[PDB]
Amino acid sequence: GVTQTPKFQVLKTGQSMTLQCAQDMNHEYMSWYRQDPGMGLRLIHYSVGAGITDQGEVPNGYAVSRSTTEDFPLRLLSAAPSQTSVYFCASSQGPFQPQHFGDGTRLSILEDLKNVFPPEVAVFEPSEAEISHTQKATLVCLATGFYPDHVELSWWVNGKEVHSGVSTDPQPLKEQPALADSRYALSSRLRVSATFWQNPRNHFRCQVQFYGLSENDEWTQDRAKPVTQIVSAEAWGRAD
């Protein structure tokens, strides 16, 4: 379809960065949008063909280029707080034709990287009363104290990702909502049958993938550098 990378990122103010977006569909028309609350999808740049690009509705602070029909990178000249947005690449057969959008790049510009911090993951075993009352067991997994909101939470039972019975909160909670850059917490629950929980051979792993600092960056602050990592907490089936 339309592959764009990366899905999450943190970069310091004043830094330059290219957002990669490539398509195999041989489409002629490509465009870059930014999506904001209260502003809708606003067009940054668009390219009608190889070697031709033009400004959109909000082009200032960005730059693109179309060397080949297949690709359409988008540059940030100097990262500014106004550039914290969600960026969508799109391709189309023409200016009139419908566009098909990429998955999305969630961007976060920060003045100071000692506010980027990894999460803490904990799994809470189902209540003994819930099993006896509903014959279902709900495990709740908490990802707490992470900044910014670049996380992907998955549920792995016996080392295989599951989707049935999984509910993940759509948006995180502000742990200290009075803060302009408050850390977040996120909760999700996996509901299984009571018999499934009471099979001790059942391995329940709640894994959160956090996108933080790259090794290209500089970490002066004391504790461990907030590099992109996977943080998971594991629970085991309990017969009683």
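Numbering starts at 1 and follows the sequence shown.
Item to check | Between the two ranges 55-63 and 179-187, the one averaging a larger CA B factor in the entry | outcome: Per the PDB record, 179-187.
Next on the checklist: Quick check on the record: does 197-205 or 43-51 carry the larger mean Cα temperature factor?
Outcome noted: Taking the mean B-factor of the alpha carbons in each, 197-205 is higher.
Checklist entry - Considering only 86, 90, 151, 116, which residue's Cα atom bears the greatest B-factor as recorded? => result If I rank 86, 90, 151, 116 by C-alpha B-factor, first place goes to 116.
Item to check | Position of residue 135 among the chain's modelled residues by C-alpha B-factor, lowest, middle or highest third | outcome: Its C-alpha B-factor, which the entry lists for residue 135, ranks in the highest third among residues of this chain.
Checklist entry - Should residue 30 be placed in the lowest, middle or highest third of its chain by the C-alpha B factor in the entry? => result According to the entry, residue 30 has a C-alpha B-factor in the chain's lowest third.
Next on the checklist: By the recorded C-alpha temperature factor, relative to the other modelled residues in its chain, which third is residue 123 in?
Outcome noted: It belongs to the highest third of the chain when residues are ordered by C-alpha B-factor.
Checklist entry - Sorting the chain's CA B-factors, does residue 214 end up in the lowest, middle or highest third? => result Highest third of the chain for residue 214's C-alpha B-factor.
Checklist entry - Once the chain's modelled residues are ordered by C-alpha B factor and cut into thirds, is residue 229 in the lowest, middle or highest one? => result Tercile = highest for this residue's CA B-factor.
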